[PDB]
Amino acid sequence: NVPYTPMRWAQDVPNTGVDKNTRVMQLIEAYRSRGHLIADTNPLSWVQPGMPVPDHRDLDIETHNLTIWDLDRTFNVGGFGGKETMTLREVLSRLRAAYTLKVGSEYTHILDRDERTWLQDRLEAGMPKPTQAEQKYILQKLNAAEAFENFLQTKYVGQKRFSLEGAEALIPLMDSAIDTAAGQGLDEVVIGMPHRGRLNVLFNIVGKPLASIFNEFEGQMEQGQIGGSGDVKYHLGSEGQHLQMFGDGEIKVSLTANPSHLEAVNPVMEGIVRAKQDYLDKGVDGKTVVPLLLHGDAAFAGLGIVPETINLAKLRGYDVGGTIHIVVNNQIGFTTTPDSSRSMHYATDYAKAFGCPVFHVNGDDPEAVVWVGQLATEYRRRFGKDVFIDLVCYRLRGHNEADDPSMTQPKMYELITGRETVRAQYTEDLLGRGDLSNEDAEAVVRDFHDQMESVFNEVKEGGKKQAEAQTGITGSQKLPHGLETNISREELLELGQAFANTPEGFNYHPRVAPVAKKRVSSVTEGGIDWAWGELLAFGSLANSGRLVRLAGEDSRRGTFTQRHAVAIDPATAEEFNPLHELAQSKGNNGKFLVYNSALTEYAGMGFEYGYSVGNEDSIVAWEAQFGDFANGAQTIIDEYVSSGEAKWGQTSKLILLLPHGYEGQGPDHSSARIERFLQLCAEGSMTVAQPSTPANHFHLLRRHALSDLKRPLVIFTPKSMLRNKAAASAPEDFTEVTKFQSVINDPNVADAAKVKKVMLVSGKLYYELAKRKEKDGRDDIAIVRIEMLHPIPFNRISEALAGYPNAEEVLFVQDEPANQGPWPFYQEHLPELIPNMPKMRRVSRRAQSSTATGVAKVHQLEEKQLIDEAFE
Amino acid sequence: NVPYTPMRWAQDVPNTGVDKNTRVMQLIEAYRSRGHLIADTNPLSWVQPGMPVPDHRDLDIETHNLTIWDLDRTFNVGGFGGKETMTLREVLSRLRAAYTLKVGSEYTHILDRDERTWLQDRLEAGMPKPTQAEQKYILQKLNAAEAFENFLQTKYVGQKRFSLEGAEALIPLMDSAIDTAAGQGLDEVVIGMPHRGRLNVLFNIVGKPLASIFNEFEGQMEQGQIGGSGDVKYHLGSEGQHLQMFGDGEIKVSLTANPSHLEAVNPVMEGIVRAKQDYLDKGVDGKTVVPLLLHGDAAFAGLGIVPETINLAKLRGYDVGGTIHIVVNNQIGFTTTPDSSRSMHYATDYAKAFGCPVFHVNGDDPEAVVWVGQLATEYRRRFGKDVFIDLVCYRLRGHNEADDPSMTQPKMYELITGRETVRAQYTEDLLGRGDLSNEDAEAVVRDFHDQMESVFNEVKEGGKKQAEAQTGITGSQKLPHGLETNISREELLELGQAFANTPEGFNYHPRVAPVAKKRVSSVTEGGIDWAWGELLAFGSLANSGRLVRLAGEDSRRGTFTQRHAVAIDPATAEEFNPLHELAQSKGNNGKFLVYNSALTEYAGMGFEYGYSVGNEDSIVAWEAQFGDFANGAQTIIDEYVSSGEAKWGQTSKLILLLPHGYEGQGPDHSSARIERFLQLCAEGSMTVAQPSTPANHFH
Ligand SMILES: CC(=O)SCCNC(=O)CCNC(=O)[C@H](O)C(C)(C)COP(=O)(O)OP(=O)(O)OC[C@H]1O[C@@H](n2cnc3c(N)ncnc32)[C@H](O)[C@@H]1OP(=O)(O)O
Ligand SMILES: CC(=O)SCCNC(=O)CCNC(=O)[C@H](O)C(C)(C)COP(=O)(O)OP(=O)(O)OC[C@H]1O[C@@H](n2cnc3c(N)ncnc32)[C@H](O)[C@@H]1OP(=O)(O)O
Ligand SMILES: Cc1ncc(C[n+]2csc(CCOP(=O)(O)OP(=O)(O)O)c2C)c(N)n1
Ligand SMILES: Cc1ncc(C[n+]2csc(CCOP(=O)(O)OP(=O)(O)O)c2C)c(N)n1
Ligand SMILES: [Mg+2]
Ligand SMILES: [Mg+2]
């Protein structure tokens, strides 16, 4: 069982042509680059039959025209191993010791020389010999990891736990990284991980009490929110403190909640870290919250959200000073082997794309594992980049605890079955070297077992409560009754003046200057448009001292060139953020941060959700370019935004700004899928609104921000109505009007007694209907707007309908197809909420399997048809 | 305007310590590995302010302890440039010519030496000098690309087209690759691409008639399905023939339909290619349908479906002999610059993960572009692996034709605005070298313009039909009235006996043997369970002569250990597929193929959808591990499966097997979201069923 290729008999070669000194230094570069290909990183003597074996002839001396006869000859190695001259024998020994033992490194791909040299020096120096106390501490962690898994197997044989057996070295690895971070003087470590060994991590790393874990297996689950639905045991988060064993350092450890959907936590945990770092506010030299992200090998290679999130690592609005990635490479998925799982040689090969170091470490060598954890954490601190650890291990049992893996992988599990564990191996190693005594070895096992038995007994003696019906989370949070969202005239005037207070040598772009000038004058004269109404909300909130973050694709300028949150001087390319400067001058340390996201909805929205969780006091808005593309981030909407509170008691105030409107731009530039958002809405999960005026949008945003209702807000924003003069708001609507209006009654009714027909509408379609009403002089029609879709303001709608006693019929008018828009929601619910209301008649486009027509001229035809149908 | 670093004044260094021969060969490896970092691949003199500039000191001779005084000294280069000895001056010249001109190569990361040597030899040999006929042909393609874009700008000023202006070299690149494939004797090229320059590709590459394109701008759209809703002009597919200009080769070219959702076509087009290759049935030496996949730089880096699909390249049930990837690197998204778009140095850096060559080529050097296209196609044929071309270009106008990019990128568009086009540059180059004459240059421009004017006039003289209401696709296809789906007793007994007809030295796993024994006896005694009922359906269909493909996570065994489509001998690890063997013995060339998918729903289901489109006669079933995870492939369900027929007239018979049932396994192992599937269902778009008996599922 020698891993290297034997020396080959050959005749000595003359030192002609390429010099042997050249050949030697080529050999050195070969090992530094490709030495990992033959490194002893695999605990099993296993090669996957269908996996292409890479060529590694570059590591043989024959390839470099060197022979056994050169071994004792001296060569100039140019400072290799801190020596100018060396024998080939010594060169080979040093190369093999550094690159072909338990740690396989990929770093030569790194372009920065200082980075490469830093890694090179440390890898070639080797792992320092640990102290006996350190060795004993590693054994304790290994023991705890294995004993915990074995205890659950004994007490709960027929319960799914996703054991860490075969990968117990993860616990000392994580502990090593966290301990190193504590010694660096950092503030917190945020962990995101999958199912694999989650309970083990919760107990041994985070420090969740053992009683809680045992209660979960018994059936008693800890409730997050009052009347919450809950979730399985291996989807929950926790918080704890980590104290340095051999130091005075202390660091906070947090584990984030995640769904069963693999790798969905990646963008969320990054956002949490960023929000935490921003709160600490230690500047560019800070970044004192460490993201520690765990992955499975199949998921890391398979799913695309992984590289998508890594892509955010160095972006201005997303940088967190690097993420430590640990891939638990157990060399299998559920049943799919790596041959059928990926096309890459290594699971961690995405690191090559991003120019980040990779450490492949053998999961049966705990000391090497601990060293790699320390080295990775030091690299992150020094260079502020992502680092990838490939923990090469195996999965002792099936995917779950009630599955037989021998049916499909008989040969692989012939090697796995019957092996001695890493704990056993390490104990034998320590005893062999005389670094540990026998009675100490038995003490470690006995002490920990007694701890678990005692705790188990206390849980058992407690009474087992029977199953009960779960109510719901409808009234778990309070509505802000009596809250006034208007600002003073002085505040409004000051917000307007922000766009006039340009820096000394700053000039607006000629096509932006009119927009800025209008904003300065609108706060007194009027004609405040949608974009200005939105910025007034965010500006006023930032003035009060809040951190307001707006992110999304093309958000700084706006997709429709409406926002201009940050203006750029054409000449100097100097940026100017008027509202941020105003906020900072008010002395409440308010901030208005606007970022252009990367081309991503999944990672984009996920990051903003995470931000809202990491800092509850921040106002975070994610803007889609079009609402149609939000379905790209369906996992985030389904698993986090909509159901986060009910499953985990995790609340968020995330705002989604989704452009919506049927204007004849095709099936993927028309609808934000209102019907899908309303289908997810239950037990008052989130607020869904489609405001018709800038002022109403202003009030909606402020109500959300100033309330204690910690639930998401989904706003369907307009496209063409951004520049519609009829929609503009007066200044009094921001200062005199105190509250958001969920229902706006018809402002053009001369006599309410004459009204025979009432039209319910939501969004831009009102203005078309209003225009037609004025043109035709229809005094018998009243057009009522519904600004808030969910929850349903049935009291306000009833009140509006009651104001027209002679109303015979009620029409629900929408631009969307019949099987889309708010109709399907309102058709089912509204009749129940208002029994006395007449039978609603739908007026809309026909039901379609698509969103909208591709033909623009058809759109005009259907629009005309739609309005004609409304007016008899 | 000299691109290289000036030679530095320095004193001569003694040949002490590391030998200078060593240093020289280190320099050679430096250029082969990292020479691309300083290659003249960018048409613009532009560096993105927020983008981290990589260190490239390894390419300076000073770093290797060499000086100007070594330039004329001779060193042993060990067969570099087919010579044993060389001066440092000559070494530098050859390295710079091969690695720092218009083509930047990344290949040293490739682990296979034969692959690496093959690429090394061709890159260091250099681009062969093209003939005047070849040069003239490149100009014609450049002219067609630019003139087409300019014509649309003139005739339809206020209409969105997503022009290819600034990236016109894409057309000769694609033509080069397709021409090379025709010369290799291959059967078809399947293209998947985004919006950027789609109309240009449809006309100049696929060969869609120009009248059709002009009609679309007028408002007259070609209807796919009777009463279909349709889609915008730059989402449609087409088919055509490509004839070799300088050869007797001929190849079929197809462009697949796609939604506005970027990179969603990637898994679908791969499935189409695989289905086509399987139909041809030329074995492992075949793979004669080329996937040519185009990407934008922001989308290629940003979206995760991209690496997700590339991950399928070498899998048993998904291998198509390699995909040719072209990334149109115009160095911008909508408004987001690469600094705010990616963290990778290059957009094509995913290739490093998969161990595939990358060619960065300057989009203003047409001859280099054409060479790279040929080299990529040859590499695919030889090694059967993915190859990545980074076409470094720019975007002349805004994202669309009605957007001002100067508001947000003033400095970048100070360089872009006012440039001479690649066509203009190449024409001037050809005239300068005397490879082209003046009257020929004017002929190319005039002849093509006259072609477009004539066609435009014929479209204009035709009557413009008014807008009409679109009915629907409910009755566009007929229901099978009177169809009987029962099989004979003899057929049923034979299907049962398939599990008893084990190979000579084959034995079942002890926990599988009871299942096999029950299947043999159930066909007479009874008690046929769900899994057996399902296999009886697929088996009976394969017997008739159909290609039945079942794919999904853990599908061969089954998530719930129910299927056992392929049995494995514990001892020998020998596989046995009873139903496939039976089908092949019936003499109708039927097949029952069962595959374990990778960990992916998006790419997994997308590939099966593609398979159903590429071969209409095949029976394709995708199985989710649990129905709950199907929402991972929401783009495929929304944009392809549910609405494919109504938008493009593209039909599919894909079967989705989604495990469903409330049994107390938690919120992500209970529901397949039946309510969501029923909400998409309209105008009889798809069949949704929940059978209660195995027989009913069979029928
Ligand atoms: C996400 C949520 O808002 S949780 C909602 C809790 N309730 C439910 O989900 C079920 C019961 N729902 C209901 O009774 C209605 O849907 C309600 C709550 C909207 C009340 O209906 P109406 O009285 O017609 O609506 P109206 O717009 O007048 O709202 C009444 C008050 O609630 C406030 N309110 C209503 N919805 C919200 C909301 N989403 N966020 C904040 N405040 C809200 C209003 O600001 C108003 O305050 P006020 O008393 O100072 O005037
Ligand atoms: C996706 C589609 O199937 S497109 C369906 C076309 N129609 C529509 O979309 C509009 C709605 N129309 C209806 O619902 C029609 O009345 C029906 C026929 C589909 C409803 O079926 P019913 O008459 O209630 O029941 P039944 O299941 O007996 O259907 C009658 C026949 O249609 C066939 N059929 C019904 N649905 C399907 C289907 N999805 N695929 C194939 N055949 C079908 C049945 O096999 C049966 O054939 P038979 O005449 O040989 O007995
Ligand atoms: C997106 C998604 N697809 C499928 C599943 C089902 N699933 C859960 S764990 C698992 C295996 C993944 O293997 P790997 O990532 O290697 O992790 P391991 O279980 O080996 O630690 C699968 C398919 C899931 N939860 N999420
Ligand atoms: C998934 C998705 N997100 C967002 C969009 C909106 N969008 C359309 S084109 C575009 C820019 C794409 O940039 P790049 O990939 O570089 O292509 P280019 O337009 O520059 O050719 C964006 C974000 C989309 N169509 N699909
Ligand atoms: Mg795994
Ligand atoms: Mg681009």
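Every heavy atom of this structure was used, including side-chain atoms; hydrogens, water molecules and symmetry mates were not. Proteins come first, then strands; the chains are lettered A, B, ... in the order of their sequence lines, and each starts at number 1.
- Residues A:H109 and B:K352 form no side-chain contact, since every pair of their non-hydrogen atoms from C-beta on lies 4.5 Å or further apart.
- Interface residue B:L262: only side-chain heavy atoms are found under 4.5 Å from chain A.
- Put simply, the side chain of A:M407 does not reach to within 4.5 Å of the side chain of B:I568, judged on heavy atoms.
- For the atom pair CG of B:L312 and OG of A:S340, the computed distance is 11.0 Å after rounding to the nearest 0.5 Å.
- Counting only heavy atoms from C-beta outward, the side chains of A:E639 and B:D668 approach each other to under 4.5 Å.
- Contact detail for B:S643 and A:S849: the closest heavy-atom pair is CB-O, 3.5 Å.
- Using a 4.5 Å cut-off between heavy atoms, B:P307 contacts chain A through both its backbone and its side chain.
- With chain A as partner, the option from B:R57, B:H345, B:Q625, B:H235 having the largest number of non-hydrogen pairs under 4.5 angstrom is B:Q625.
- With a 4.5 angstrom heavy-atom cutoff, A:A571 touches chain B only via backbone atoms.
- Smallest separation of non-hydrogen atoms from A:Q848 and B:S229: OE1-OG, 3.8 Å.
- Put simply, the side chain of A:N631 reaches to within 4.5 Å of the side chain of B:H261, judged on heavy atoms.
- Taking CG from B:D628 and OG from A:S260, the interatomic distance works out to 8.0 Å, rounded to the nearest 0.5 Å.
- Ion pair B:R116/A:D58 flagged as a salt bridge, since at least one NZ, NE, NH1 or NH2 atom sits closer than 4.0 Å to an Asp/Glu carboxylate oxygen.
- Between chain B and the residues A:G666, A:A603, A:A298, the most heavy-atom pairs under 4.5 angstrom are made by A:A298.
- Of the atoms belonging to A:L315, heavy atoms from both backbone and side chain fall under 4.5 Å from chain B.
- Heavy-atom pairs under 4.5 Å with chain B peak, among A:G304, A:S343, A:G302, A:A598, at A:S343.
- Heavy atoms of B:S555 lying under 4.5 Å from chain A are absent altogether.
- Options A:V232, A:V77, A:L303 differ in how many heavy-atom pairs under 4.5 Å they form with chain B, and the most are formed by A:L303.
- Using a 4.5 Å cut-off between heavy atoms, B:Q409 does not touch chain A at all.
- Between B:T561 and A:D404, every side-chain heavy-atom pair lies at or beyond the 4.5 Å cut-off.
- With a threshold of 4.5 angstrom between heavy atoms, A:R113 approaches chain B through its backbone and through its side chain.
- For chain B, the nearby part of A:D403 is the side chain; its heavy atoms alone come within less than 4.5 Å.
- Contact annotation for A:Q860: neither backbone nor side-chain heavy atoms come within less than 4.5 Å of a heavy atom of chain B.
- The structure places CD of A:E29 at 9.5 Å from CD of B:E29, a figure rounded to the nearest 0.5 Å.
- B:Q679 is listed as a side-chain neighbour of A:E675, based on a closest heavy-atom distance under 4.5 Å.
- Remark: the backbone N or O of A:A573 is not paired with any side-chain donor or acceptor of B:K411 at under 3.5 angstrom.
- Using a 4.5 Å cut-off between heavy atoms, B:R556 does not touch chain A at all.
- Ranking A:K314, A:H509, A:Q26, A:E414 against chain B, the residue ahead of the rest is A:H509, based on heavy-atom pairs under 4.5 Å.
- Within 6.0 Å of NE2 on A:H56 lie no more than 12 heavy atoms contributed by other residues, nucleotides or ligands.
- A:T635 touches chain B through backbone and side chain together, each having a heavy atom under 4.5 Å away.
- At a 4.5 Å heavy-atom cutoff, A:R316 makes no contact with chain B through either its backbone or its side chain.
- Remark: A:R511 CZ is loosely packed, at most 12 non-hydrogen atoms of other residues, nucleotides or ligands lying under 6.0 Å away.
- Within the 4.5 angstrom heavy-atom criterion, only side-chain atoms of B:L37, from C-beta onward, approach chain A.
- Rounded to the nearest 0.5 Å, atoms CZ (B:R676) and CD (A:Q634) are 4.5 Å apart.
- Using a 4.5 Å cut-off between heavy atoms, A:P259 contacts chain B through both its backbone and its side chain.
- Contact check for A:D231 versus B:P667: side-chain heavy atoms found under the 4.5 Å cut-off.
- Contact annotation for B:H564: only side-chain heavy atoms (C-beta onward) come within less than 4.5 Å of a heavy atom of chain A.
- In this structure, A:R342 CZ and B:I310 CD1 are separated by 15.5 Å, a value rounded to the nearest 0.5 Å.
- Contacts between A:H669 and chain B at a heavy-atom distance below 4.5 Å involve the side chain alone, from C-beta outward.
- Residues B:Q665 and A:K160 fail the side-chain proximity criterion, which asks for heavy atoms closer than 4.5 Å.
- Between the side chain of A:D19 and the backbone N or O of B:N21, no donor-acceptor pair lies under 3.5 Å.
- Heavy atoms of A:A852 lying under 4.5 Å from chain B belong exclusively to its backbone.
- Looking at A:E553, there are no atoms closer than 4.5 Å to chain B (heavy atoms on both sides), in backbone or side chain.
- Taking A:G355, A:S597, A:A856, A:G79 one by one and counting their heavy-atom pairs under 4.5 Å with chain B, the maximum is reached by A:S597.
- For the set A:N311, A:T108, A:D349, the count of heavy-atom pairs under 4.5 angstrom toward chain B peaks at A:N311.
- Both the backbone and the side chain of A:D112 come within contact range of chain B, judged by heavy atoms closer than 4.5 Å.
- Interface remark: B:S406 contributes backbone and side-chain atoms alike to the contact with chain A (heavy atom separation under 4.5 Å).
- With rounding to the nearest 0.5 angstrom, the CZ atom of A:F334 is 11.0 Å from the CG atom of B:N596.
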Run the side chain to side chain donor-acceptor pair (under 3.5 Å) test on B:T335 and A:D554 for me, step by step, so that the C-alpha distance in whole Å, both residues' side-chain angles and the decisive distance to 0.1 Å come before the verdict. CA-CA 6 Å; B:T335 303; A:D554 310 83; 2.9 Å; yes
